[PDB]
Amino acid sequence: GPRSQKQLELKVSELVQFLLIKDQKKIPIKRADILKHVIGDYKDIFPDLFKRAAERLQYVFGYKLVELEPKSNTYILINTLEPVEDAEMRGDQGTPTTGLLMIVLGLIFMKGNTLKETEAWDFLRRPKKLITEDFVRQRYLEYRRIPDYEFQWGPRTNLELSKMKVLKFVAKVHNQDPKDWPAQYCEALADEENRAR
């Protein structure tokens, strides 16, 4: 019937939302799913709605709507922005160790700024003895045996890292935010604010 400009704009808005909420799980999107779950009876003007959705998905959100395979009627949003930041694994990565280090540094912060060598060893391989030996020589850790091997962060870490960034790490390790762990978080604020003066 008589569809206004707003009706059409609300229509392409449903379409761009549909593609966004779906793509975030790498779906990929099917035309049949599109025609069924958002288009409806606006199928008579579908190619125009689709095109307007594509440019709005591009100009506003910076995604390129691409048919991943020719003649497949299936689409994918491709990020047309700057590469960095879910980014660089598909290309550029830091030394594996730095990853290993981050867990150990994180694991220490988790247990309460302290941990015994044998525990983390049961964690690690799942050169655990050698890497955690020169990490102390690099002053990334501390290898004290004073009342076992008792672990702490050592001097270097504080200059290259903060407990908040570690907390940002342990959050992103499997999804979370620091806030989830206010036990850990609360002292990070006492550190983040302390980093000022």
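Position 1 is the first residue in the sequence shown; the rest follow in order.
Enquirer: For the step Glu85 to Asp86, what size class fits the number of deposited residues with no coordinates, none, 1 to 3, 4 to 9, or 10 or more?
Expert: In the deposited sequence, 1 to 3 residues between these two have no coordinates.
Enquirer: Counting only residues that lack coordinates, how big is the gap in the deposited sequence between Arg126 and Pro127? Pick none, 1 to 3, 4 to 9 or 10 or more.
Expert: The entry has a long gap there, with 10 or more residues left out between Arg126 and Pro127.
Enquirer: Would you mind comparing 28-36 and 131-139 for me and telling me which has the higher average C-alpha temperature factor in the entry?
Expert: 131-139 has the higher mean C-alpha B-factor.
Enquirer: Once you work out the mean C-alpha B-factor for both 89-97 and 71-79 from the entry, which is higher?
Expert: The deposited B-factors put 89-97 ahead on the C-alpha mean.
Enquirer: Just grab whichever of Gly62, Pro155, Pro47, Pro147 has the top CA B-factor as deposited.
Expert: Of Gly62, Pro155, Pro47, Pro147, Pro147 has the highest C-alpha B-factor.
Enquirer: Comparing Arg195 with the other modelled residues of its chain, is its CA B-factor in the lowest, middle or highest third?
Expert: Top third by C-alpha B-factor.
Enquirer: Report the third (lowest, middle or highest) to which the CA temperature factor of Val16 belongs, ranking only the modelled residues of the same chain.
Expert: CA B-factor rank for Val16: lowest third.
Enquirer: Among the modelled residues of this chain, does the Cα B factor of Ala183 put it in the lowest, middle or highest third?
Expert: According to the entry, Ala183 has a C-alpha B-factor in the chain's highest third.
Enquirer: Relative to the other modelled residues of the same chain, rank the CA B-factor of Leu105 and answer lowest, middle or highest third.
Expert: Lowest third of the chain for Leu105's C-alpha B-factor.
Enquirer: Once the chain's modelled residues are ordered by C-alpha B factor and cut into thirds, is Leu189 in the lowest, middle or highest one?
Expert: CA B-factor rank for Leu189: highest third.
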